[PDB]
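What follows is a single structure, written as structure tokens, with notes after it.
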Amino acid sequence: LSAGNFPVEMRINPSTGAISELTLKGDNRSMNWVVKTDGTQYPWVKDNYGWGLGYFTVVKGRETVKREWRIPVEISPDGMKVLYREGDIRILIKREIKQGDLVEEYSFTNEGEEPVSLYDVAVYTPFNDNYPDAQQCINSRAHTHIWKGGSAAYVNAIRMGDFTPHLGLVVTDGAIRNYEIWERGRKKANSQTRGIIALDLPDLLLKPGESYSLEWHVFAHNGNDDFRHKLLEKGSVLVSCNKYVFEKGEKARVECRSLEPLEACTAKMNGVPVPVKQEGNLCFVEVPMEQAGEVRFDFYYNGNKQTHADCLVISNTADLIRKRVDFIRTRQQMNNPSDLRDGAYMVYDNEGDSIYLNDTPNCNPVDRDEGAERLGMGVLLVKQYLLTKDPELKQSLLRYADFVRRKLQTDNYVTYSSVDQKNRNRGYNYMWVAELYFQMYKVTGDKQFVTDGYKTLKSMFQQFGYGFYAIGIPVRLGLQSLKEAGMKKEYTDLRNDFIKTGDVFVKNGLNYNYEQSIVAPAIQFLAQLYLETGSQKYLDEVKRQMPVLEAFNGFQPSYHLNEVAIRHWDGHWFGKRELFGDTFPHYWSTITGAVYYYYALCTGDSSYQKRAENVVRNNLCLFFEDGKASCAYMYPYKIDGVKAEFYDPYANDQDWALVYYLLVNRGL
């Protein structure tokens, strides 16, 4: 049983030959699926970024020249056939509407007398993934889930509100190996745009007169299941693994599904052939994961096609966490009686092998300071203390709790992230200080911590409002902390402050800058609230907003991406390299996994717990086997020409990923 037919329509730019506008006929919201490339949406995004235009670097001996195609030599009256010529290379674009889908074929032909090598070959696909405001986002923008799957590459653009129709792009000839991001910066809408995506073809060697062809289909679809079915119908494949992060010794099952059986399907594991089993239209590999590190599974099929999955093998998860807490204790806690920040857990430069003192220039000093998000290290050590009872952690926590109470907060519970207290008074910071205090009660017993938690939340309520959207508002912990102490006058007063927050979230709905870590913590809060009160109005709102949360997450066969929310700015604001661009994973992705944990308790639907476990498991790649950590993985091949695919060398705020990992897996 299903729904509507939405033929792809477009406007061709008569000067460039690019697709200016991409719409789905019969869409009641008439969304343009690409960023407008005439300056009218963003001043700095002009016609050179139009859909179907692109670039390559041509190398002949010592001669290296980058070329960008933009002005056709020939263009059809309808714009469906376009020919560009840049040096020796002809770029021919053929477009057709086949049964309501757009089929585009790009050919690259060496017209010259000498062989040529082409590097960094890419086509712009400027999907409308940006965040101008909540109303436009929900109705008229799309989360763009990109899979660099070679011959089986795709893009699944889910409208942010989850209203159908959605859009899909499936590669049916040639391959896409990666993508790049263009037009990011402090002067280019900052955190509010994902930028302009370009999809990278393989590097080519073209003899005189030889061609390389890329073909894709663009089409409307009705959601992830529909997208996957259509992807298969168009002759592509879907790769998936039982999971994407393994402990050493575990068995992996990697599956490659097609519509019809693949011919001569072969596979490799880090470049080494491994046996593939074929049953009908499933090929699968089953192997032990015997060595720590990256594992890439490649499938080779139908003569010249390939695709892959990215998995990670860690030594052991318990030990990874232990080693990380020891590193926080022995290397990221300031132990200098002379320094005003004495007890703090702090930002750490992994290249420099020292605590980062926030004294050199950078783009935003307050995001590299002594508190604010850095409280997650405290919550992590507390949770790890509860599971192991290492007295050296108790000693370190006692000192941290003193640093926070004595130096970050005033006597009146006004909360800062800096010992001087002459910087921003935020809102977000109060929830984590509060969570640290309630958590410290479980360590010792002192009911004073519990009062500090309450008086911190009350100070936030006084100053900011009742409907302040904020990450990790500690409802279930707050109340169990109060009740367990026996301060029953407080377990009602606070509960009623949370209930007044619940109702304002319910009144707002999806109206409220739009991003993952506004939407998700709202739902985290309303789900904990329902578990305490029982009020059906709150669980109703959770269910209504769940699809909107889920739309941030792809199902690509990579531990970097699988159920990992699209976030693309924290590298700039929190990292050493200060790179805007896709961070996969970034640790706040694990809030979504917290939502799924609670949602699984609210309903009895245990498949949300399995998903919860998947999300947090995938964030384990931010933690290394010597106890070091990274604040972000920069995912794309390049960002504005700057090479990415690296872990940012600062350990900053990422330890919340382990906080939510232990919540999901141990209830802590």
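Residue numbering for the sequence shown is 22 to 533, 539 to 694, as defined by the authors' numbering. Where a beta carbon is used, it is the ideal one built from N, C-alpha and C, also for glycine.
Is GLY73 near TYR175, with beta carbons less than 9 angstroms apart?
-> As a working mapping, residue 73 is identified with position 52 in the sequence shown. As a working mapping, residue 175 is identified with position 154 in the sequence shown. Taking 9 angstroms as the Cβ cut-off, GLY73 and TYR175 do not qualify as a contacting pair.
Would you be able to state if there are at least three C-beta pairs under 8 angstroms between the segment 206-215 and the segment 258-265?
-> no
Would you say the segment 612-628 touches the segment 665-672, given that touching needs at least three Cβ pairs under 8 angstroms?
-> no
Alpha carbon of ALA178 to alpha carbon of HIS187, nearest angstrom = For the purposes of this step, residue 178 is taken as the residue at position 157 of the sequence shown. For the purposes of this step, residue 187 is taken as the residue at position 166 of the sequence shown. C-alpha separation (whole angstroms): 6 angstroms.
Proximity of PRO153 and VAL55 at Cβ, strictly below 9 angstroms = For the purposes of this step, residue 153 is taken as residue 132 along the sequence shown, with counting starting at 1. For the purposes of this step, residue 55 is taken as residue 34 along the sequence shown, with counting starting at 1. For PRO153 and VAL55, no; Cβs fall outside 9 angstroms.
With a threshold of 16 other CB atoms inside 10 Å of the CB of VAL94, please say whether the residue is buried or exposed.
-> Within the sequence shown, numbered from 1, the residue matching residue 94 stands at position 73. Burial call: exposed.
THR78 - partner residues in DSSP beta bridges | As a working mapping, residue 78 is identified with position 57 in the sequence shown. DSSP lists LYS87, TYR140 as partners of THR78.
Ends of the beta strand (DSSP E) at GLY314?
-> Indexing the sequence shown from 1 puts residue 314 at position 293. 314-322 is the extent of the beta strand (DSSP E) around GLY314.
Does DSSP put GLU276 in a helix, in a strand, or in coil?
-> Taking the sequence shown and counting its residues from 1, one reaches residue 276 at position 255. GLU276: strand per DSSP, three-state reduction.
List the DSSP bridge partners of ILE179.
-> Here residue 179 is taken as the residue at index 158 of the sequence shown, counted from 1. Answer is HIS164, bridged to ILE179.
Three-state class that DSSP yields for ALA219 in the structure shown | Indexing the sequence shown from 1 puts residue 219 at position 198. Strand at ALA219.
Thinking C-alpha only, which one of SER633, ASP59, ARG50 is nearest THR37?
-> Numbered from 1 along the sequence shown, position 16 holds the residue referred to as residue 37. Cα-wise, what sits closest to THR37 is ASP59.
Is it the case that the Cβ atoms of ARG205 and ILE665 are separated by a distance below 9 angstroms?
-> To locate residue 205, count along the sequence shown from 1; it is residue 184. To locate residue 665, count along the sequence shown from 1; it is residue 639. Yes, they are a contact pair.
Enclosing beta strand (DSSP E) for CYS332 [first to last residue] = Locating residue 332 in the sequence shown gives position 311, counting from the first residue. Here the beta strand (DSSP E) through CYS332 covers 326-335.
What residues are listed by DSSP as bridge partners for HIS238?
-> Mapped onto the sequence shown, residue 238 falls at position 217. Answer by DSSP bridge pairing, in chain order: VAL124, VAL191.
In angstroms, rounded to a whole number, what distance separates the CA positions of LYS269 and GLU315?
-> Indexing the sequence shown from 1 puts residue 269 at position 248. Indexing the sequence shown from 1 puts residue 315 at position 294. Cα to Cα, the separation comes out at about 12 angstroms.
Going by C-alpha distance, which of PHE248, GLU391, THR328 is nearest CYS286?
-> Walking along the sequence shown from the start, residue 286 turns up at place 265. The shortest C-alpha separation from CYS286 is found at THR328.
Residue span of the beta strand (DSSP E) that contains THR287, given as start and end | Residue numbering aside, residue 287 sits at position 266 when the sequence shown is read from its first letter. 287-290 is the span of the beta strand (DSSP E), which, as asked, contains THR287.
Going by other Cβ atoms of all chains shown within 10 Å of its Cβ, with 16 needed for buried, is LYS428 buried or exposed?
-> Taking the sequence shown and counting its residues from 1, one reaches residue 428 at position 407. With 16 or more other Cβ atoms within 10 Å, it is buried.
State the Cα-Cα distance for the pair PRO282 and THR616, rounded to the nearest angstrom.
-> Numbered from 1 along the sequence shown, position 261 holds the residue referred to as residue 282. Numbered from 1 along the sequence shown, position 590 holds the residue referred to as residue 616. Distance between the alpha carbons of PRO282 and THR616: 37 angstroms.
Complete alpha helix (DSSP H) runs within the segment 326-414 (minimum length 4 residues, chain order) = 338-348, 397-409
Spatial neighbours of residue 537 in its chain, beta-carbon cut-off 6 angstroms, leaving aside the 5 residues before and after = Within the chain, the sequence of modelled residues goes 533 then 539, so residue 537 has no position in this structure.
Within 9 angstroms, strictly: CB atoms of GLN501 and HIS166 | Start at 1 with the first residue of the sequence shown, and residue 501 comes out as number 480. Start at 1 with the first residue of the sequence shown, and residue 166 comes out as number 145. Not closer than 9 angstroms, so no.
Distance between beta carbons of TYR140 and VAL80, contact taken as under 8 angstroms = Position 59 of the sequence shown holds residue 80. Position 119 of the sequence shown holds residue 140. Right, their Cβ atoms sit about 6 angstroms apart.
Residues that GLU95 bridges to, as DSSP identifies them | As a first step, residue 95 is located in the sequence shown; it is residue number 74 there, counting from the start. DSSP lists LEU104 as partners of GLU95.
Cα-Cα separation, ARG162 to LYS251 | Counting from 1 along the sequence shown, the entry for residue 162 is found at position 141. Counting from 1 along the sequence shown, the entry for residue 251 is found at position 230. For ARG162 and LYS251, the distance between alpha carbons rounds to 22 angstroms.
To the nearest angstrom, report how far apart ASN69 and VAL387 are at their CA atoms.
-> For the purposes of this step, residue 69 is identified with residue 48 of the sequence shown, where counting begins at 1. For the purposes of this step, residue 387 is identified with residue 366 of the sequence shown, where counting begins at 1. Straight-line Cα distance between these residues: approximately 37 angstroms.
Hey, would you say residue 538 sits closer than 9 angstroms to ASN34, going by beta carbons?
-> This structure gives no coordinates for residue 538. The numbering of the chain moves from 533 immediately to 539.
Give me the Cβ distance between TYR366 and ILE349, rounded to the nearest whole Å; I'm assuming they're in contact under 8 angstroms.
-> Residue 366 sits at position 345 when you count from the first residue of the sequence shown. Residue 349 sits at position 328 when you count from the first residue of the sequence shown. Yes, they are in contact, since the Cβ atoms of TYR366 and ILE349 sit about 6 angstroms apart, within 8 angstroms.
Cutoff 6 angstroms; reference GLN62; Cβ partners in own chain excluding five residues on either side = The residue given as residue 62 occupies position 41 in the sequence shown. For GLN62, where only same-chain residues beyond five positions count, the Cβ hits under 6 angstroms are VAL56.
Identity of the residue in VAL346, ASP380, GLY256 nearest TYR322 by Cα = As a first step, residue 322 is located in the sequence shown; it is residue number 301 there, counting from the start. Nearest of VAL346, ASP380, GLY256 to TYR322, Cα basis: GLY256.
Could you tell me the boundaries of the beta strand (DSSP E) in which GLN299 lies?
-> For the purposes of this step, residue 299 is identified with residue 278 of the sequence shown, where counting begins at 1. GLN299 -> beta strand (DSSP E) spans 298-300.
What did DSSP end up calling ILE592 once you bin it into helix, strand or coil?
-> For the purposes of this step, residue 592 is taken as the residue at position 566 of the sequence shown. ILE592 falls in the coil class under three-state DSSP.
According to DSSP, is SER502 helix, strand or coil?
-> Here residue 502 refers to the residue found at position 481 of the sequence shown. Reduced to three states, the DSSP call for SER502 is helix.
Secondary structure of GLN416, DSSP reduced to three states | Residue mapping note: residue 416 aligns to position 395 of the sequence shown, counting from 1. DSSP places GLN416 in helix when its eight states are reduced to three.
Whole-angstrom C-beta distance between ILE197 and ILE218, which should lie under 8 angstroms = Translated into the one-based positions of the sequence shown, residue 218 becomes position 197. Translated into the one-based positions of the sequence shown, residue 197 becomes position 176. Not a contact, Cβ separation roughly 11 angstroms.
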